[PDB]
Structure formats: C-alpha cells, structure tokens
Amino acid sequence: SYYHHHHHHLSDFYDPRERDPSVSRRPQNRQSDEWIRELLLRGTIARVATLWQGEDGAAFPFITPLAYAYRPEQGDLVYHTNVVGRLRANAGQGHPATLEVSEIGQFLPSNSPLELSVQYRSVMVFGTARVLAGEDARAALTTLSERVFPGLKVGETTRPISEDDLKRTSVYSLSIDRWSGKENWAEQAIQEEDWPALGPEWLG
C-alpha cells in the first residue's frame, strides 16, 4: 500500500481490478447445477453421512468413504456398503442421507495467515437412500463397477453377479432432493503487499 510504503520511506475493495465477464457472479463460492452435475459425473469416491441412534438416544452421523456412481436420468447415486450402527435415527424404509464429492487440489501459501488455503471443489447432495434388491441391485452394482473401472464389463471381464453376491451386499440408491456446490480453486492465494513477500521456496 501507499500508506505503508510512504511510512517506510519516512481500500483495495473499491479500487481497480480486472474481471473476466464470463466468470460466475454467485456469492459464497457457489456453483451452477450444470457444474455440479459435471463434478458428480467425473468423480468416483464419495463420503456418505447417515444418522444412527447413539447411547444418549441422540442421533449422530457416520461418515463413510466409498465408490459411487451418479445416474442422472434416474436422479440418484448408487453405492454399496455394509457399514451400520445399531438403529438408524429415521422412521421408514429409506433414510435421509448426505453425500459429498470433492476434488482437492494444492495448499496455497500466503504471507497473510488467514489467506492460507486449499484449492477445492465440493458438492453436498441431500436425499433419501433406500436399499435395492434383485435386478435393481444387480443393475446398480453393474453401473457402479463399470463406471469406476472403465472398460471392465460385468459378465465378461468378471463373472456375472450372483444371487449369493447380492445377499451379502447392501446396495443403495440415494434419490436426490437438493444439492449445493462450492469452488475455491485460485492459482494463488491472496497475499499481503505490506509484509515481506513469500520466498521462492513457496511459489516456485
């Protein structure tokens, strides 16, 4: 800043900057539904949070990382896991579920301590997960497996999925209600001009 520079020799927010007119104007790093769709289609790992009744009677969430596939036409995401708690904190045959997919880039150094950050793109999906059965489960598993192992073909590369396979696996469909997407993927963190600049060891 001038003020620091002049003091040494003895607001930014409203001053000139460049802006690409095609860049998202949405606040709080939020993204468009199309961007969310694309991120979910190219991802293969998610975390799913579901609620279980705990020792104090109170619901609490588990977080499980797992393979998933987004089926946009059906409006769902499929996955499988045999992780459970005792009782789910939920009335009915389906349960509420939150699913998160992210891309995590690099940690971005700065000489300003609260500008230290990590590049990320992250979606939360809110919906209801139900257990699938029979050909519904076999088809979901197939889509999942062929998505996360591109070129693999169930029934050729692998033996077909048997009735025993299905009896031993819990296969879920998370039917999407709502979603929320966020991106903060700058090439460089914001720096403080009035503190010594980071050395070459950081940004080089």
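So that there is no doubt, residue numbering starts at 1 and follows the sequence shown.
Residues with no coordinates between residue 10 and residue 11 in the deposited sequence, how many: none, 1 to 3, 4 to 9, or 10 or more?
-> Per the record, 10 or more deposited residues are absent between residue 10 and residue 11.
Do the C-alpha atoms of 20-28 or of 188-196 have the higher average B factor in the entry?
-> In the deposited entry, the stretch with the higher C-alpha B-factor mean is 20-28.
Per the entry, where is the mean C-alpha temperature factor higher: 145-153 or 30-38?
-> Going by the record's values, the stretch with the higher mean is 30-38.
When you compare the CA B-factors of 112, 74, 93, 106 as listed in the entry, which one comes out on top?
-> Within the set 112, 74, 93, 106, 93 shows the top C-alpha B-factor.
According to the PDB entry, is the CA B factor of residue 89 in the bottom, middle or top third of its chain, that is, lowest, middle or highest?
-> Answer is highest: the recorded C-alpha B-factor places it there.
Third of the chain's Cα B-factor distribution that residue 167 belongs to, per the entry = Tercile = highest for this residue's CA B-factor.
Mind checking which third residue 66 falls in for C-alpha B-factor across the chain?
-> CA B-factor rank for residue 66: middle third.
How does residue 177 rank on Cα B-factor within its chain, lowest, middle or highest third?
-> Middle third by C-alpha B-factor.
State the tercile, meaning the lowest, middle or highest third, of residue 135 with respect to the CA B-factors recorded for its chain.
-> As the PDB entry reports it, the C-alpha B-factor of residue 135 lands in the lowest third of its chain.
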